[PDB]
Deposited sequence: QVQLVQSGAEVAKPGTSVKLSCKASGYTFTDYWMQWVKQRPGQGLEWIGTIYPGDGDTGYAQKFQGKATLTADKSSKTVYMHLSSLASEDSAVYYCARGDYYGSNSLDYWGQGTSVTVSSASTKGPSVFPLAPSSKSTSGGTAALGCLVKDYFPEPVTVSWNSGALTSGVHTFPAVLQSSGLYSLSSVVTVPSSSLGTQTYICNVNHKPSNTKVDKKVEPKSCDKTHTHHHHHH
């Protein structure tokens, strides 16, 4: 079974470096080009560069020359990508993928990706604010100013899912993230149904349960 397993999510301050890893199993490591691909949040794929672990030869797209350095450790069957002088534009998911030698170096097996976030921001849990309901009503929770991603949100400890929409996070000018989670419910239900949004931000160990009530 060919598998490419990448290292965990990284958070880095600007100007620092990071070294990402891609561990290969299930095939002769030395005999295939390993290629790397960048995907900025909400953007397309961009080819970064490649290494042939058998002899250590490398090559990079112009955009990434001087930014990316690839190396390979034959003993551990691991390829590493070193990213230098980090800036906000380097925040992305980085994939390693194998070139199929008998597929003209198209990418046959892919790692699961490593998220890299570059920011001057420090770990911070969200502030959760109610979006009060005021025959269909809408209500929600605004999950503001957290870092880094991700946050998860459920309603009524997972008992409420019908009509729930949790929006993707938006990067703020502060480098912090924010999102809202909303629910549409019958307006006749507002006096007899409790609505609680449960927010979990694993990076700061912040868990918040917010009861969302109609405003007085």
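Item to complete: Give the ranges of the deposited sequence, numbered from 1, for which the structure holds no C-alpha coordinates, in sequence order.
Response: No coordinates exist for the deposited residues in 135-140, 223-234, so these stretches are absent from the model.
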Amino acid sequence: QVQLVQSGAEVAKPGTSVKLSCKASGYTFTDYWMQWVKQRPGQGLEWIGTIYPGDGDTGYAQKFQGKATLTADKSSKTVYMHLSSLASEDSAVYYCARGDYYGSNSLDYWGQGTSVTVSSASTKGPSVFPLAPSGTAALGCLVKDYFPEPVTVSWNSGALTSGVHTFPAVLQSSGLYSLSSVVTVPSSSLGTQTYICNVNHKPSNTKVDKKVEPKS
From here on, numbers count along this sequence of modelled residues.
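Worksheet item: Which has the higher mean CA temperature factor in the PDB entry, 31-39 or 154-162?
Response: Per the deposited B-factors, the answer is 154-162.
Discussion item. Mean Cα B factor from the PDB record: higher for 82-90, or higher for 104-112?
Written reply: If you average the C-alpha B-factors of 82-90 and of 104-112, the larger mean comes out for 82-90.
Worksheet item: Taking the values straight from the PDB record, which of 168, 53, 49, 191 has the highest C-alpha temperature factor?
Response: Largest recorded C-alpha B-factor: 191.
Fill in: Where the record places residue 184 (Cα B-factor, split into thirds across the chain)
Within its chain, residue 184 is a middle-third residue by C-alpha B-factor, going by the deposited values.
Practice prompt. Check where residue 118 lands among this chain's C-alpha B-factors and tell me if it's the lowest, middle or highest third.
Written response: It falls in the middle third of the chain.
Practice prompt. Sorting the chain's modelled residues by C-alpha B-factor, tell me whether residue 66 ends up in the lowest, middle or highest third.
Written response: For residue 66, whose C-alpha B-factor we compare with every modelled residue in the chain, the answer is the highest third.
Worksheet item: By its CA B factor, does residue 137 count among the lowest, middle or highest third of the modelled residues in the chain?
Response: Within its chain, residue 137 is a highest-third residue by C-alpha B-factor, going by the deposited values.
Practice prompt. Would you mind checking where the Cα B-factor of residue 144 ranks among the modelled residues of its chain, as the lowest, middle or highest third?
Written response: Its C-alpha B-factor belongs to the lowest third of this chain's values.
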